[PDB]
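**Q** Got structure11.cif for you, mmCIF, C-alpha atoms (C1' of nucleotides) and all ligand atoms:
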data_run
loop_
_atom_site.group_PDB
_atom_site.id
_atom_site.type_symbol
_atom_site.label_atom_id
_atom_site.label_comp_id
_atom_site.auth_asym_id
_atom_site.auth_seq_id
_atom_site.Cartn_x
_atom_site.Cartn_y
_atom_site.Cartn_z
ATOM 1 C CA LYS A 30 -115.869 30.502 28.079
ATOM 2 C CA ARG A 31 -115.564 26.739 27.243
ATOM 3 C CA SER A 32 -118.734 24.547 26.853
ATOM 4 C CA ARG A 33 -119.070 23.781 30.650
ATOM 5 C CA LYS A 34 -118.966 19.923 31.023
ATOM 6 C CA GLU A 35 -120.316 18.795 34.463
ATOM 7 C CA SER A 36 -119.409 15.373 36.018
ATOM 8 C CA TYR A 37 -119.729 13.665 39.469
ATOM 9 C CA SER A 38 -115.968 13.821 40.323
ATOM 10 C CA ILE A 39 -116.438 16.299 43.272
ATOM 11 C CA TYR A 40 -118.936 13.861 44.961
ATOM 12 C CA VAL A 41 -116.598 10.879 44.373
ATOM 13 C CA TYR A 42 -113.810 12.909 46.138
ATOM 14 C CA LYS A 43 -116.312 13.826 48.877
ATOM 15 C CA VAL A 44 -117.155 10.119 49.432
ATOM 16 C CA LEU A 45 -113.472 8.939 48.900
ATOM 17 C CA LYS A 46 -112.433 11.299 51.770
ATOM 18 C CA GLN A 47 -115.263 9.940 54.019
ATOM 19 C CA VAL A 48 -114.238 6.259 53.588
ATOM 20 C CA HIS A 49 -110.415 6.580 53.027
ATOM 21 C CA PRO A 50 -109.515 10.089 54.237
ATOM 22 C CA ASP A 51 -105.755 9.546 53.696
ATOM 23 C CA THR A 52 -106.149 8.073 50.120
ATOM 24 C CA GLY A 53 -106.653 9.820 46.707
ATOM 25 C CA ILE A 54 -107.557 8.936 43.050
ATOM 26 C CA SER A 55 -105.953 9.417 39.551
ATOM 27 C CA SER A 56 -107.822 11.179 36.653
ATOM 28 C CA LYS A 57 -108.221 7.767 34.864
ATOM 29 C CA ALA A 58 -109.724 6.166 38.043
ATOM 30 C CA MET A 59 -112.164 9.083 38.632
ATOM 31 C CA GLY A 60 -112.987 8.845 34.904
ATOM 32 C CA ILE A 61 -114.039 5.244 35.757
ATOM 33 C CA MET A 62 -116.061 6.200 38.897
ATOM 34 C CA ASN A 63 -117.748 8.894 36.677
ATOM 35 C CA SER A 64 -118.811 6.311 33.967
ATOM 36 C CA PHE A 65 -119.906 3.972 36.816
ATOM 37 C CA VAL A 66 -122.406 6.465 38.310
ATOM 38 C CA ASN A 67 -123.903 7.539 34.923
ATOM 39 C CA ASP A 68 -124.071 3.797 33.987
ATOM 40 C CA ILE A 69 -126.010 2.803 37.185
ATOM 41 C CA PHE A 70 -127.953 6.114 36.951
ATOM 42 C CA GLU A 71 -129.306 5.263 33.440
ATOM 43 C CA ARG A 72 -129.814 1.609 34.458
ATOM 44 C CA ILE A 73 -132.123 2.639 37.371
ATOM 45 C CA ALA A 74 -133.882 5.668 35.768
ATOM 46 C CA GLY A 75 -134.753 3.093 33.008
ATOM 47 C CA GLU A 76 -136.057 0.150 35.083
ATOM 48 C CA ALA A 77 -138.058 2.746 37.073
ATOM 49 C CA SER A 78 -139.225 4.427 33.778
ATOM 50 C CA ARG A 79 -140.462 0.952 32.618
ATOM 51 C CA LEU A 80 -142.101 -0.051 36.015
ATOM 52 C CA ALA A 81 -144.193 3.177 35.649
ATOM 53 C CA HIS A 82 -145.044 2.768 31.911
ATOM 54 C CA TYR A 83 -145.965 -0.936 32.739
ATOM 55 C CA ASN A 84 -148.431 0.163 35.531
ATOM 56 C CA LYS A 85 -149.829 3.121 33.483
ATOM 57 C CA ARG A 86 -148.164 5.652 35.909
ATOM 58 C CA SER A 87 -146.968 9.145 34.756
ATOM 59 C CA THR A 88 -144.864 9.763 37.943
ATOM 60 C CA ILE A 89 -141.586 7.974 38.820
ATOM 61 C CA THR A 90 -141.767 7.924 42.684
ATOM 62 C CA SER A 91 -139.158 6.623 45.199
ATOM 63 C CA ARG A 92 -141.323 3.429 45.158
ATOM 64 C CA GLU A 93 -140.314 2.887 41.473
ATOM 65 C CA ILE A 94 -136.596 3.392 42.313
ATOM 66 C CA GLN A 95 -136.809 0.853 45.241
ATOM 67 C CA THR A 96 -138.251 -1.704 42.701
ATOM 68 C CA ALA A 97 -135.621 -0.755 40.016
ATOM 69 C CA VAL A 98 -132.920 -1.248 42.712
ATOM 70 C CA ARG A 99 -134.363 -4.595 43.892
ATOM 71 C CA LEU A 100 -134.396 -5.762 40.177
ATOM 72 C CA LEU A 101 -130.933 -4.396 39.035
ATOM 73 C CA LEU A 102 -128.858 -5.049 42.256
ATOM 74 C CA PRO A 103 -127.633 -8.429 43.592
ATOM 75 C CA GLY A 104 -128.758 -10.062 46.911
ATOM 76 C CA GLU A 105 -126.627 -8.186 49.484
ATOM 77 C CA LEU A 106 -125.856 -4.983 47.478
ATOM 78 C CA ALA A 107 -129.698 -4.662 47.036
ATOM 79 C CA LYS A 108 -130.667 -5.054 50.777
ATOM 80 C CA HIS A 109 -128.187 -2.202 51.665
ATOM 81 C CA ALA A 110 -128.904 0.159 48.685
ATOM 82 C CA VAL A 111 -132.637 -0.093 49.623
ATOM 83 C CA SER A 112 -131.779 0.645 53.314
ATOM 84 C CA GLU A 113 -129.468 3.699 52.674
ATOM 85 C CA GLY A 114 -132.245 4.641 50.120
ATOM 86 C CA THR A 115 -135.175 4.186 52.581
ATOM 87 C CA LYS A 116 -132.952 5.863 55.272
ATOM 88 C CA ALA A 117 -132.231 8.957 53.032
ATOM 89 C CA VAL A 118 -135.896 9.600 51.973
ATOM 90 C CA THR A 119 -136.993 9.182 55.686
ATOM 91 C CA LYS A 120 -134.177 11.527 56.885
ATOM 92 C CA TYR A 121 -135.177 14.106 54.176
ATOM 93 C CA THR A 122 -138.976 14.189 54.852
ATOM 94 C CA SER A 123 -138.469 14.552 58.678
ATOM 95 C CA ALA A 124 -135.519 17.057 58.355
ATOM 96 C CA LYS A 125 -137.982 19.524 56.608
ATOM 97 C "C1'" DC B 1 -74.050 -75.612 22.376
ATOM 98 C "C1'" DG B 2 -76.736 -73.144 25.896
ATOM 99 C "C1'" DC B 3 -76.877 -71.000 30.116
ATOM 100 C "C1'" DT B 4 -75.698 -68.370 33.727
ATOM 101 C "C1'" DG B 5 -73.481 -64.735 36.642
ATOM 102 C "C1'" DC B 6 -70.869 -61.385 37.053
ATOM 103 C "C1'" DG B 7 -67.641 -57.651 36.210
ATOM 104 C "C1'" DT B 8 -68.647 -53.479 32.323
ATOM 105 C "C1'" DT B 9 -70.574 -50.113 30.268
ATOM 106 C "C1'" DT B 10 -74.086 -47.527 30.241
ATOM 107 C "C1'" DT B 11 -78.605 -45.416 32.249
ATOM 108 C "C1'" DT B 12 -81.400 -43.584 35.854
ATOM 109 C "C1'" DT B 13 -81.602 -40.931 39.758
ATOM 110 C "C1'" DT B 14 -79.833 -38.205 43.288
ATOM 111 C "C1'" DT B 15 -77.109 -33.989 45.374
ATOM 112 C "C1'" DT B 16 -74.970 -29.859 45.030
ATOM 113 C "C1'" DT B 17 -73.800 -25.354 42.255
ATOM 114 C "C1'" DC B 18 -75.076 -22.181 39.427
ATOM 115 C "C1'" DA B 19 -76.477 -18.576 36.493
ATOM 116 C "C1'" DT B 20 -81.364 -16.014 36.177
ATOM 117 C "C1'" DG B 21 -84.855 -13.397 36.530
ATOM 118 C "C1'" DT B 22 -87.448 -11.473 41.228
ATOM 119 C "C1'" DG B 23 -89.257 -8.429 43.735
ATOM 120 C "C1'" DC B 24 -86.827 -5.580 47.094
ATOM 121 C "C1'" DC B 25 -84.385 -0.957 48.948
ATOM 122 C "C1'" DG B 26 -83.533 3.929 48.883
ATOM 123 C "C1'" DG B 27 -82.322 8.373 46.085
ATOM 124 C "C1'" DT B 28 -84.007 12.161 41.299
ATOM 125 C "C1'" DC B 29 -86.960 14.134 38.423
ATOM 126 C "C1'" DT B 30 -91.735 14.977 36.318
ATOM 127 C "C1'" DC B 31 -96.420 16.258 35.536
ATOM 128 C "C1'" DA B 32 -100.699 15.237 37.730
ATOM 129 C "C1'" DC B 33 -103.478 15.862 42.232
ATOM 130 C "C1'" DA B 34 -104.990 19.194 44.807
ATOM 131 C "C1'" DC B 35 -105.876 23.473 45.846
ATOM 132 C "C1'" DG B 36 -107.629 28.005 45.027
ATOM 133 C "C1'" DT B 37 -109.862 32.020 43.049
ATOM 134 C "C1'" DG B 38 -113.445 34.337 40.675
ATOM 135 C "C1'" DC B 39 -117.495 34.095 37.576
ATOM 136 C "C1'" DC B 40 -121.848 32.124 36.028
ATOM 137 C "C1'" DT B 41 -125.304 29.126 35.549
ATOM 138 C "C1'" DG B 42 -128.473 25.843 37.526
ATOM 139 C "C1'" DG B 43 -130.629 24.672 41.940
ATOM 140 C "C1'" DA B 44 -133.560 26.578 45.782
ATOM 141 C "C1'" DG B 45 -137.282 29.090 47.427
ATOM 142 C "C1'" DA B 46 -142.087 29.684 47.470
ATOM 143 C "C1'" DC B 47 -146.397 29.947 45.934
ATOM 144 C "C1'" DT B 48 -149.752 28.850 42.406
ATOM 145 C "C1'" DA B 49 -152.763 25.434 40.238
ATOM 146 C "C1'" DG B 50 -154.223 21.659 37.954
ATOM 147 C "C1'" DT B 51 -154.293 16.972 37.781
ATOM 148 C "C1'" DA B 52 -152.408 12.247 38.932
ATOM 149 C "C1'" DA B 53 -152.996 8.742 42.023
ATOM 150 C "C1'" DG B 54 -154.848 6.157 46.114
ATOM 151 C "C1'" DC B 55 -158.620 4.055 48.645
ATOM 152 C "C1'" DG B 56 -163.487 1.773 48.746
ATOM 153 C "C1'" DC B 57 -167.141 -0.184 46.375
ATOM 154 C "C1'" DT B 58 -169.082 -2.848 42.216
ATOM 155 C "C1'" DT B 59 -168.728 -6.697 39.358
ATOM 156 C "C1'" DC B 60 -167.741 -10.858 37.675
ATOM 157 C "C1'" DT B 61 -163.438 -13.567 36.004
ATOM 158 C "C1'" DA B 62 -160.360 -16.595 36.175
ATOM 159 C "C1'" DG B 63 -157.712 -18.936 39.707
ATOM 160 C "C1'" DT B 64 -157.917 -22.588 43.156
ATOM 161 C "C1'" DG B 65 -159.198 -26.812 44.780
ATOM 162 C "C1'" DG B 66 -161.342 -31.886 44.317
ATOM 163 C "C1'" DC B 67 -163.365 -35.813 42.128
ATOM 164 C "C1'" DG B 68 -162.613 -40.024 40.153
ATOM 165 C "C1'" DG B 69 -161.387 -42.649 35.484
ATOM 166 C "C1'" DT B 70 -158.053 -44.532 31.669
ATOM 167 C "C1'" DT B 71 -153.920 -44.414 29.664
ATOM 168 C "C1'" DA B 72 -149.494 -42.917 28.526
ATOM 169 C "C1'" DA B 73 -145.774 -42.482 30.974
ATOM 170 C "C1'" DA B 74 -142.581 -43.225 34.491
ATOM 171 C "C1'" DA B 75 -140.212 -46.715 37.054
ATOM 172 C "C1'" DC B 76 -137.077 -50.464 37.465
ATOM 173 C "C1'" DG B 77 -134.186 -53.949 36.070
ATOM 174 C "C1'" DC B 78 -131.634 -57.105 33.070
ATOM 175 C "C1'" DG B 79 -128.638 -57.667 29.463
ATOM 176 C "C1'" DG B 80 -125.165 -56.548 26.340
ATOM 177 C "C1'" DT B 81 -122.200 -53.241 23.411
ATOM 178 C "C1'" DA B 82 -119.877 -49.319 22.147
ATOM 179 C "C1'" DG B 83 -117.683 -45.483 23.921
ATOM 180 C "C1'" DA B 84 -114.793 -43.286 27.752
ATOM 181 C "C1'" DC B 85 -110.017 -43.282 29.505
ATOM 182 C "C1'" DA B 86 -105.290 -44.944 29.781
ATOM 183 C "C1'" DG B 87 -101.369 -46.348 27.974
ATOM 184 C "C1'" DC B 88 -97.718 -46.821 23.679
ATOM 185 C "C1'" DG B 89 -95.078 -44.434 19.694
HETATM 186 K K K A 201 -159.767 -13.386 39.111
#
Written as structure tokens, that's how I'd like the structure from this file.

**A**
Amino acid sequence: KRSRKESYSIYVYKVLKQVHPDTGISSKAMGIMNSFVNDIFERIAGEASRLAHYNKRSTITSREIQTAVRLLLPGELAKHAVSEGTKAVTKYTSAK
DNA sequence: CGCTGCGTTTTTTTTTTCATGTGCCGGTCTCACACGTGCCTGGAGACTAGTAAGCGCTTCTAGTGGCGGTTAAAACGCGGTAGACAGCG
């Protein structure tokens, strides 16, 4: 009956196994991938949070995220993150 | 006395060994990844409801030219000096 500390480690595995199905990952290295996601979570949730505050909006939409992601991410990483982002919202709304 | 070159003795530079740490192969042991199982909480469903936000229309600002005039500011160039870069101890 211990606290119950969540993480992202099961999703990192899931994606590790998609991209390098034969490869694995040490505790320390997952620990890093965990920090990484929370870090770029907070970074985006913030810039979005601002964008909204700055334009007197109460709702963080996908539009805010896309701006956050343009702002926070470099040239080529940005173009793709937007795309997989765009792609995922589009796939979700059609799906159901 | 002064020089001059030429065999000597040393110095510089080359060639070959040589002792060193490299990263390279293949067998043992450890504890960490991965699985799994079972329980529990947090996401999903769905429907309710109340309000944010987006679009059009109303106004009027504050942004974009554009027009000459004068002046302060750039341009350019020449002339020399001190500071950058190498070389010696
Ligand atoms: K205006």

**Q** Which residues would end up in the selection if the PyMOL selection byres (((chain A and resi 73) around 8) and not hetatm) were applied here, given that I need the answer as a ChimeraX atom specification?

**A** /A:69-72,74-77,94,97-98,101

**Q** Report, in Å with one decimal, the straight-line distance from CA of residue 46 in chain A to CA of residue 63 in chain A.

**A**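 Spanning CA of residue 46 in chain A to CA of residue 63 in chain A is a straight-line distance of 16.2 Å.
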
**Q** For ligand K 201 (chain A), return the neighbouring residues as a PyMOL selection string (distance at most 9 Å; all atoms listed in the file).

**A** chain B and resi 60-63

**Q** Centre and edge lengths of an axis-aligned box around all listed atoms of range 64-75 of chain A, with 6 Å added on each side, are to be given in Å to one decimal, as lines of an AutoDock Vina configuration file.

**A**
center_x = -126.8
center_y = 4.6
center_z = 35.7
size_x = 27.9
size_y = 17.9
size_z = 17.3

**Q** If I take CA of residue 32 in chain A and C1' of residue 41 in chain B, how far is one from the other in Å, to one decimal?

**A**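 Computing the Euclidean distance for CA of residue 32 in chain A and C1' of residue 41 in chain B yields 11.8 Å.
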
**Q** For this structure, which residues satisfy the selection - the PyMOL selection byres ((chain B) within 9 of (chain A and not hetatm)) - when it is evaluated on the file as given? I want them as a ChimeraX atom specification.

**A** /B:32-33,52-53

**Q** Got a sec: who's within 12 Å of residue 37 in chain A, counting all atoms listed in the file, leaving out chain neighbours fewer than 6 positions off, as number ranges by chain?

**A** A: 43-44, 59-67, 70

**Q** Rounded to one decimal in Å, what is the spacing between CA of residue 79 in chain A and CA of residue 99 in chain A?

**A**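 Separation between CA of residue 79 in chain A and CA of residue 99 in chain A: 14.0 Å.
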
**Q** Just so I have it separately, write range 2-32 of chain B from the block I sent, keeping N, CA, C and O atoms (P, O5', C5', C4', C3', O3' and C1' of nucleotides), as a JSON list (two decimals), in the first residue's frame.

**A**
[["chain", "number", "residue", "atom", "x", "y", "z"],
["B", 2, "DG", "P", 98.07, 39.23, -35.73],
["B", 2, "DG", "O5'", 97.25, 38.62, -36.96],
["B", 2, "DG", "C5'", 97.64, 38.92, -38.31],
["B", 2, "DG", "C4'", 97.17, 37.83, -39.24],
["B", 2, "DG", "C3'", 95.79, 37.23, -38.91],
["B", 2, "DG", "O3'", 95.02, 37.29, -40.12],
["B", 2, "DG", "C1'", 97.37, 35.50, -39.22],
["B", 3, "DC", "P", 93.46, 36.94, -40.14],
["B", 3, "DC", "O5'", 93.36, 35.97, -41.40],
["B", 3, "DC", "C5'", 94.40, 35.94, -42.41],
["B", 3, "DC", "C4'", 94.55, 34.55, -42.99],
["B", 3, "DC", "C3'", 93.27, 33.72, -43.02],
["B", 3, "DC", "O3'", 93.28, 32.90, -44.19],
["B", 3, "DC", "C1'", 94.92, 32.51, -41.95],
["B", 4, "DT", "P", 92.12, 33.00, -45.29],
["B", 4, "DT", "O5'", 92.52, 31.83, -46.29],
["B", 4, "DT", "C5'", 93.79, 31.15, -46.16],
["B", 4, "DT", "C4'", 93.60, 29.72, -45.69],
["B", 4, "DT", "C3'", 92.16, 29.19, -45.69],
["B", 4, "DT", "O3'", 92.19, 27.94, -46.37],
["B", 4, "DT", "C1'", 93.23, 28.59, -43.72],
["B", 5, "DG", "P", 90.85, 27.29, -46.90],
["B", 5, "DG", "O5'", 91.32, 25.84, -47.37],
["B", 5, "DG", "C5'", 92.65, 25.34, -47.13],
["B", 5, "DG", "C4'", 92.60, 24.00, -46.42],
["B", 5, "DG", "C3'", 91.26, 23.27, -46.49],
["B", 5, "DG", "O3'", 91.39, 21.86, -46.34],
["B", 5, "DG", "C1'", 91.77, 23.67, -44.26],
["B", 6, "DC", "P", 92.13, 20.97, -47.43],
["B", 6, "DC", "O5'", 92.75, 19.79, -46.55],
["B", 6, "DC", "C5'", 93.52, 20.07, -45.36],
["B", 6, "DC", "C4'", 93.02, 19.28, -44.18],
["B", 6, "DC", "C3'", 91.83, 18.34, -44.44],
["B", 6, "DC", "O3'", 91.86, 17.13, -43.67],
["B", 6, "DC", "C1'", 91.31, 19.74, -42.67],
["B", 7, "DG", "P", 93.15, 16.17, -43.67],
["B", 7, "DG", "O5'", 92.56, 14.79, -43.11],
["B", 7, "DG", "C5'", 93.29, 14.00, -42.14],
["B", 7, "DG", "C4'", 92.99, 14.46, -40.73],
["B", 7, "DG", "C3'", 92.09, 13.52, -39.91],
["B", 7, "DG", "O3'", 92.66, 13.34, -38.61],
["B", 7, "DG", "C1'", 91.32, 15.70, -39.72],
["B", 8, "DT", "P", 91.98, 12.33, -37.57],
["B", 8, "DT", "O5'", 90.95, 13.25, -36.77],
["B", 8, "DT", "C5'", 91.28, 14.59, -36.35],
["B", 8, "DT", "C4'", 90.88, 14.83, -34.91],
["B", 8, "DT", "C3'", 90.11, 13.71, -34.21],
["B", 8, "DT", "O3'", 90.46, 13.69, -32.82],
["B", 8, "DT", "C1'", 88.67, 15.60, -34.57],
["B", 9, "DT", "P", 89.72, 12.70, -31.80],
["B", 9, "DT", "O5'", 88.54, 13.59, -31.23],
["B", 9, "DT", "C5'", 88.79, 14.91, -30.70],
["B", 9, "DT", "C4'", 87.49, 15.59, -30.34],
["B", 9, "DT", "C3'", 86.44, 14.67, -29.70],
["B", 9, "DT", "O3'", 85.87, 15.25, -28.52],
["B", 9, "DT", "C1'", 85.50, 15.81, -31.54],
["B", 10, "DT", "P", 84.80, 14.43, -27.65],
["B", 10, "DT", "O5'", 83.41, 15.03, -28.15],
["B", 10, "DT", "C5'", 82.97, 16.33, -27.72],
["B", 10, "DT", "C4'", 82.16, 17.02, -28.79],
["B", 10, "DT", "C3'", 80.64, 16.96, -28.60],
["B", 10, "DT", "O3'", 80.13, 18.24, -28.22],
["B", 10, "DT", "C1'", 81.28, 16.69, -30.89],
["B", 11, "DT", "P", 78.63, 18.36, -27.67],
["B", 11, "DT", "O5'", 77.75, 18.37, -29.01],
["B", 11, "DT", "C5'", 77.27, 19.60, -29.57],
["B", 11, "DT", "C4'", 76.64, 19.38, -30.93],
["B", 11, "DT", "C3'", 75.12, 19.16, -30.91],
["B", 11, "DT", "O3'", 74.49, 20.24, -31.61],
["B", 11, "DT", "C1'", 76.21, 17.65, -32.40],
["B", 12, "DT", "P", 72.94, 20.55, -31.40],
["B", 12, "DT", "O5'", 72.25, 19.80, -32.63],
["B", 12, "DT", "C5'", 72.37, 20.31, -33.98],
["B", 12, "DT", "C4'", 72.10, 19.22, -34.99],
["B", 12, "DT", "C3'", 70.65, 18.73, -35.04],
["B", 12, "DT", "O3'", 70.08, 19.14, -36.28],
["B", 12, "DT", "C1'", 72.21, 16.92, -35.17],
["B", 13, "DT", "P", 68.54, 18.87, -36.59],
["B", 13, "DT", "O5'", 68.56, 17.46, -37.32],
["B", 13, "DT", "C5'", 69.49, 17.20, -38.37],
["B", 13, "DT", "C4'", 69.52, 15.72, -38.68],
["B", 13, "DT", "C3'", 68.14, 15.06, -38.84],
["B", 13, "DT", "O3'", 68.19, 14.22, -40.00],
["B", 13, "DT", "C1'", 69.45, 13.80, -37.40],
["B", 14, "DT", "P", 66.92, 14.08, -40.95],
["B", 14, "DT", "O5'", 66.71, 12.51, -40.99],
["B", 14, "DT", "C5'", 67.59, 11.68, -41.77],
["B", 14, "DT", "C4'", 67.96, 10.44, -41.00],
["B", 14, "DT", "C3'", 66.91, 9.32, -41.02],
["B", 14, "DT", "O3'", 67.24, 8.36, -42.03],
["B", 14, "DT", "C1'", 68.14, 9.46, -38.97],
["B", 15, "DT", "P", 66.25, 7.14, -42.33],
["B", 15, "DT", "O5'", 66.71, 6.04, -41.28],
["B", 15, "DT", "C5'", 67.93, 5.33, -41.44],
["B", 15, "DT", "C4'", 67.95, 4.18, -40.47],
["B", 15, "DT", "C3'", 66.71, 3.28, -40.54],
["B", 15, "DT", "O3'", 67.08, 1.97, -40.11],
["B", 15, "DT", "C1'", 66.83, 4.21, -38.43],
["B", 16, "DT", "P", 66.12, 0.73, -40.41],
["B", 16, "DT", "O5'", 66.67, -0.40, -39.43],
["B", 16, "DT", "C5'", 67.79, -0.20, -38.55],
["B", 16, "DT", "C4'", 67.41, -0.49, -37.11],
["B", 16, "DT", "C3'", 66.25, -1.48, -36.94],
["B", 16, "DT", "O3'", 66.13, -2.06, -35.64],
["B", 16, "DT", "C1'", 65.68, 0.46, -35.90],
["B", 17, "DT", "P", 67.16, -3.13, -35.07],
["B", 17, "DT", "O5'", 67.16, -2.82, -33.51],
["B", 17, "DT", "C5'", 66.67, -3.79, -32.56],
["B", 17, "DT", "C4'", 66.03, -3.11, -31.37],
["B", 17, "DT", "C3'", 64.88, -3.91, -30.75],
["B", 17, "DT", "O3'", 64.78, -3.73, -29.34],
["B", 17, "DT", "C1'", 64.13, -1.80, -31.23],
["B", 18, "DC", "P", 66.00, -4.08, -28.37],
["B", 18, "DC", "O5'", 65.51, -3.51, -26.97],
["B", 18, "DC", "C5'", 65.20, -2.11, -26.80],
["B", 18, "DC", "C4'", 63.73, -1.92, -26.48],
["B", 18, "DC", "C3'", 62.92, -3.19, -26.22],
["B", 18, "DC", "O3'", 62.32, -3.25, -24.93],
["B", 18, "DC", "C1'", 61.72, -1.58, -27.51],
["B", 19, "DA", "P", 63.19, -3.56, -23.63],
["B", 19, "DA", "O5'", 62.35, -2.87, -22.47],
["B", 19, "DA", "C5'", 62.29, -1.42, -22.32],
["B", 19, "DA", "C4'", 60.87, -0.92, -22.29],
["B", 19, "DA", "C3'", 59.90, -1.67, -21.36],
["B", 19, "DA", "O3'", 59.24, -0.72, -20.53],
["B", 19, "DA", "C1'", 58.96, -1.49, -23.52],
["B", 20, "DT", "P", 57.85, -1.07, -19.85],
["B", 20, "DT", "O5'", 56.79, -0.59, -20.95],
["B", 20, "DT", "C5'", 56.87, 0.77, -21.44],
["B", 20, "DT", "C4'", 55.51, 1.42, -21.49],
["B", 20, "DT", "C3'", 54.45, 0.83, -20.56],
["B", 20, "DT", "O3'", 53.60, 1.87, -20.05],
["B", 20, "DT", "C1'", 53.83, 0.47, -22.85],
["B", 21, "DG", "P", 52.45, 1.55, -18.98],
["B", 21, "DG", "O5'", 51.13, 1.92, -19.78],
["B", 21, "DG", "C5'", 50.95, 3.24, -20.29],
["B", 21, "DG", "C4'", 50.06, 3.17, -21.51],
["B", 21, "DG", "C3'", 48.60, 2.82, -21.20],
["B", 21, "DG", "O3'", 47.71, 3.44, -22.16],
["B", 21, "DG", "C1'", 49.52, 1.15, -22.52],
["B", 22, "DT", "P", 46.12, 3.19, -22.09],
["B", 22, "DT", "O5'", 45.85, 2.23, -23.33],
["B", 22, "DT", "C5'", 46.56, 2.44, -24.57],
["B", 22, "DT", "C4'", 45.70, 2.05, -25.76],
["B", 22, "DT", "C3'", 44.23, 1.76, -25.44],
["B", 22, "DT", "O3'", 43.33, 2.20, -26.46],
["B", 22, "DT", "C1'", 45.37, -0.25, -26.16],
["B", 23, "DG", "P", 41.74, 2.31, -26.16],
["B", 23, "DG", "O5'", 41.08, 1.84, -27.54],
["B", 23, "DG", "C5'", 41.84, 1.22, -28.61],
["B", 23, "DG", "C4'", 41.40, -0.20, -28.81],
["B", 23, "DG", "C3'", 39.99, -0.50, -28.26],
["B", 23, "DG", "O3'", 39.20, -1.54, -28.86],
["B", 23, "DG", "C1'", 41.50, -1.90, -27.25],
["B", 24, "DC", "P", 39.49, -2.11, -30.34],
["B", 24, "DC", "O5'", 40.56, -3.26, -30.10],
["B", 24, "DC", "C5'", 40.82, -4.25, -31.12],
["B", 24, "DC", "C4'", 40.82, -5.64, -30.54],
["B", 24, "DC", "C3'", 39.46, -6.37, -30.55],
["B", 24, "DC", "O3'", 39.57, -7.52, -31.42],
["B", 24, "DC", "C1'", 40.62, -6.69, -28.50],
["B", 25, "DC", "P", 38.26, -8.31, -31.98],
["B", 25, "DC", "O5'", 38.55, -9.81, -31.53],
["B", 25, "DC", "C5'", 38.97, -10.02, -30.18],
["B", 25, "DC", "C4'", 39.29, -11.46, -29.90],
["B", 25, "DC", "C3'", 38.06, -12.37, -29.82],
["B", 25, "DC", "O3'", 38.40, -13.74, -30.10],
["B", 25, "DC", "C1'", 38.88, -11.89, -27.62],
["B", 26, "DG", "P", 37.28, -14.90, -30.03],
["B", 26, "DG", "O5'", 37.28, -15.30, -28.48],
["B", 26, "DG", "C5'", 37.87, -16.53, -28.00],
["B", 26, "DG", "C4'", 37.41, -16.78, -26.58],
["B", 26, "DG", "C3'", 35.95, -17.21, -26.43],
["B", 26, "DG", "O3'", 35.71, -17.85, -25.17],
["B", 26, "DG", "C1'", 36.26, -15.33, -25.20],
["B", 27, "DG", "P", 35.88, -19.41, -24.97],
["B", 27, "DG", "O5'", 35.14, -19.66, -23.57],
["B", 27, "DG", "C5'", 35.78, -20.36, -22.47],
["B", 27, "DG", "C4'", 35.63, -19.61, -21.16],
["B", 27, "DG", "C3'", 34.32, -19.84, -20.39],
["B", 27, "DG", "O3'", 34.51, -20.06, -18.98],
["B", 27, "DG", "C1'", 34.77, -17.57, -20.53],
["B", 28, "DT", "P", 33.25, -20.38, -18.02],
["B", 28, "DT", "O5'", 33.14, -19.10, -17.07],
["B", 28, "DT", "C5'", 34.25, -18.66, -16.27],
["B", 28, "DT", "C4'", 33.82, -18.19, -14.89],
["B", 28, "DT", "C3'", 32.59, -18.86, -14.29],
["B", 28, "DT", "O3'", 32.77, -18.84, -12.86],
["B", 28, "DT", "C1'", 32.09, -16.59, -14.88],
["B", 29, "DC", "P", 31.51, -18.92, -11.86],
["B", 29, "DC", "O5'", 31.09, -17.40, -11.67],
["B", 29, "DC", "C5'", 31.86, -16.51, -10.84],
["B", 29, "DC", "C4'", 31.13, -15.20, -10.64],
["B", 29, "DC", "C3'", 29.87, -15.30, -9.80],
["B", 29, "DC", "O3'", 29.78, -14.10, -9.03],
["B", 29, "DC", "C1'", 29.29, -14.50, -11.93],
["B", 30, "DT", "P", 28.72, -13.98, -7.85],
["B", 30, "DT", "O5'", 27.88, -12.70, -8.26],
["B", 30, "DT", "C5'", 28.49, -11.40, -8.36],
["B", 30, "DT", "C4'", 27.48, -10.42, -8.92],
["B", 30, "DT", "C3'", 26.13, -10.40, -8.20],
["B", 30, "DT", "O3'", 25.63, -9.07, -8.18],
["B", 30, "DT", "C1'", 25.78, -10.83, -10.46],
["B", 31, "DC", "P", 24.89, -8.53, -6.90],
["B", 31, "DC", "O5'", 24.46, -7.06, -7.35],
["B", 31, "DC", "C5'", 24.65, -6.60, -8.71],
["B", 31, "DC", "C4'", 23.30, -6.44, -9.38],
["B", 31, "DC", "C3'", 22.12, -6.36, -8.40],
["B", 31, "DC", "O3'", 21.00, -5.53, -8.70],
["B", 31, "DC", "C1'", 21.75, -8.06, -9.94],
["B", 32, "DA", "P", 21.17, -4.25, -9.60],
["B", 32, "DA", "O5'", 21.37, -4.89, -11.05],
["B", 32, "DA", "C5'", 21.79, -4.06, -12.14],
["B", 32, "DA", "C4'", 20.80, -4.16, -13.28],
["B", 32, "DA", "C3'", 19.56, -3.28, -13.18],
["B", 32, "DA", "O3'", 19.07, -3.28, -14.52],
["B", 32, "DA", "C1'", 18.89, -5.49, -13.01]]
